[PDB]
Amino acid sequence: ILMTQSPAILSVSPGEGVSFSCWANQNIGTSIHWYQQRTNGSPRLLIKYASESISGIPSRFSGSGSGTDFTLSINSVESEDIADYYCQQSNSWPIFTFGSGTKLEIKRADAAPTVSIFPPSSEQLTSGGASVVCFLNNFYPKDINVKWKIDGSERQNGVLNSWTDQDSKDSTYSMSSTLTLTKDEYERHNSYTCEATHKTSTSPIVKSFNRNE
C-alpha cells in the first residue's frame, strides 16, 4: 500500500476552509488516521478511522472519505494550526505506513528579500579561514536561488545554505548563504557578490563588496 499526500505545501490565510488529501493506491476501507505535528513538537492524533473525532481536539478539525481518497479539513484555520499533517494506514495491520506529510503554510503578500553581505572577521582570518556570509531576510515565497560570483566568475565549491522556518510574525522566510575559503584564497580575489533570483524581480538583487575598500 502506497500513500500520497497532496499537496505537499498548502499556503493558506487565517480563517479559510482548508482541505488535505491523502490518496491510497488501493482500497483501504476506513483504515486511515491523521496526525498533527507542530514544529518542534510531537505528532498528535487528530482523526481516527477516516472521520472519527478525537477527544480534546478542536472541533475545526474534521476528516472524511472511504476507499482510496481521504480528506482532512479545518473549518476555520487558527494561527496554531500551522503544522505538518500526516496520515497513516492501518489496512495492513500490524504493518503501519505513514504519508509523506502536508505542511500547512500561511499566505502573505509576496516580498522581495533584503540581501546583506559580510566580509570575514579579523578573528577568523587569524585562524586561517575566510567565510563570506550573505543573508536574505524577510521574503516570500520560500523558493529562492543564490548565485555566488567572485570577480565575475561563478563559485561552485565552498557554499553552505540554510533556510528558516516561516516567521511567526510577518510570515516571511529567510536564508543564509555561506561561502567558505582559505585565508590564502580569500586574500587573492577582490570582489565577492551574492545575487538572488526571486519571484519579486526579473533580474536578481545583488549585494556586493570589494576587499580593496
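Each residue number is its position in the shown sequence, starting from 1.
Enquirer: Going by the B-factors listed in the PDB entry, is the mean over the C-alpha atoms higher for 47-55 or for 143-151?
Expert: The stretch with the larger mean CA B-factor is 143-151.
Enquirer: Output the stretch having the higher mean C-alpha B factor in the entry; the candidates are 170-178 and 61-69.
Expert: Result: 170-178.
Enquirer: Of the choices 124, 100, 138, 89, which one's C-alpha carries the largest B-factor in the record?
Expert: Comparing C-alpha B-factors across 124, 100, 138, 89, the top value belongs to 124.
Enquirer: Can you tell me which of 205, 18, 9, 24 has the highest Cα temperature factor in the record?
Expert: Among 205, 18, 9, 24, the PDB entry lists the largest C-alpha B-factor for 205.
Enquirer: By the record's CA B-factor, is residue 39 among the lowest, middle or highest third of residues in the chain?
Expert: Middle third, going by the recorded CA B-factors of the chain.
Enquirer: Place residue 130 in the lowest, middle or highest third of its chain's C-alpha B-factors, as listed in the PDB entry.
Expert: Within its chain, residue 130 is a middle-third residue by C-alpha B-factor, going by the deposited values.
Enquirer: By the record's CA B-factor, is residue 95 among the lowest, middle or highest third of residues in the chain?
Expert: According to the entry, residue 95 has a C-alpha B-factor in the chain's lowest third.
Enquirer: Relative to the other modelled residues in the chain, which third contains the C-alpha temperature factor of residue 77: lowest, middle or highest?
Expert: Middle third.
Enquirer: Is residue 30 in the lowest, middle or highest third of its chain when residues are ranked by C-alpha B-factor?
Expert: For residue 30, the deposited C-alpha B-factor lands in the lowest third.
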